[PDB]
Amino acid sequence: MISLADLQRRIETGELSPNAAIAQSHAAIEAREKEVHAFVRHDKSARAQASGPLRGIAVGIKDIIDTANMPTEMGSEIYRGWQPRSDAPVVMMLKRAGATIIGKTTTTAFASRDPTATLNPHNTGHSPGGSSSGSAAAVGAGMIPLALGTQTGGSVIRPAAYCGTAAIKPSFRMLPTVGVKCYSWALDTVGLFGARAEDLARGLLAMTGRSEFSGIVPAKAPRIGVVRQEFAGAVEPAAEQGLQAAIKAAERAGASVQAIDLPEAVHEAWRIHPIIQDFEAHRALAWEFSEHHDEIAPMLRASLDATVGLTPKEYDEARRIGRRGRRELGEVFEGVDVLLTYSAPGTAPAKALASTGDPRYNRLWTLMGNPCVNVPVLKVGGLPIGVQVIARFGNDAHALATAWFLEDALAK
């Protein structure tokens, strides 16, 4: 994988040139695309910009995010050839910083469950996860130092974990979703994929200009609360293996680790995430569902068909439950700086299963809104397994800080 922070430092000292950095990404891409299929379209003519902290940084953009010079097909036939007039605000944040938009990464149809053709970089016989399939895969295959994705359920954390890349789903609404195809407005959150936590930090600093992402250093003796999300069901052995490995490393590094049970209100918030997501999806994708029903990919079409009956009443009640969940979750962070849990059920599912993985260990946090970060831990049978670091809402800096601490802890 390519380190954004690495490229930055070298270019800044003159040690490495932007054109060279970009040329490298173009090389890495052409080197494995025929094998990974992480891009809907690759702009081979994309070149480095002249200035900005991100000059010389190639960035892949999930194809539900608007770009003005490349089509934005939403991973759907309904939008084949669709060309937005403008670049999405998050895309502009990168461009204004000097980044190079090297291509549009694959996305499942409307960022839902329908598998793309993209394959896991670590094993072509396995799914790279979803829905930000191309972004996680491209970064995991070492094609680019940065990629944007989105998460409604678990579309950022899960595929990152499956592909062994670092990634962060910032605090809800921090990054604008304007120009980003909506699934559920109460949930949709933009996310970033990179090699390490530090790369994610330099990325957000350039995009937002917020001091909090400047000068981030590994956390010292973090106070970690371990949550296995029992309400999410039985986890797979590999996932638990990763979590224990992370806990062990963290302890040896000086962190105070303690297992904790999540409030009843939070368990409920996890239960009603589907209600909010699906009720809103029907409104957000109303035009497609009413005018191009049969054209909607099979899995999403089925999930929508099964939920046409969700009521405004149960939906309003679900959101009420969500708020109670948030309010009680904040109390949990009075004794711990971060929470640590699974990033996925286990290793990435074989492509034959035709599944991008179950987001059950991811969804709660998208609804709570807290910043979440995936920390690669180990590999079982050659497939990556990671852990999820979560901080208090609005504390993305500390999340990245602790994720870093964790990365080095595992490095012995």
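Numbers for residues come from their place in the sequence shown, where the first is 1.
Chemist: Which of the two stretches, 226-234 or 299-307, shows the higher mean Cα temperature factor in the record?
Modeler: The stretch with the larger mean CA B-factor is 226-234.
Chemist: Which wins on mean Cα temperature factor, 16-24 or 385-393?
Modeler: Mean C-alpha B-factor is greater for 16-24.
Chemist: Checking the record values for 177, 86, 165, 211, which has the greatest CA B factor?
Modeler: Most elevated C-alpha B-factor of the set, per the entry: 211.
Chemist: Go through 204, 90, 276, 216 one by one and give the residue whose Cα B-factor in the PDB entry is largest.
Modeler: When the deposited C-alpha B-factors of 204, 90, 276, 216 are compared, 216 is largest.
Chemist: Could you place residue 319 in the lowest, middle or highest third of its chain by Cα temperature factor, using the values in the record?
Modeler: It belongs to the middle third of the chain when residues are ordered by C-alpha B-factor.
Chemist: Going by the entry, which third of its chain does the Cα temperature factor of residue 127 land in?
Modeler: Middle third by C-alpha B-factor.
Chemist: If you rank every modelled residue in this chain by C-alpha B factor, which third holds residue 32: lowest, middle or highest?
Modeler: For residue 32, whose C-alpha B-factor we compare with every modelled residue in the chain, the answer is the highest third.
Chemist: Can you work out whether the C-alpha temperature factor of residue 55 puts it in the lowest, middle or highest third of the chain?
Modeler: Middle third, going by the recorded CA B-factors of the chain.
Chemist: Within this chain, which third does the Cα B-factor at residue 334 fall in: lowest, middle or highest?
Modeler: For residue 334, whose C-alpha B-factor we compare with every modelled residue in the chain, the answer is the highest third.
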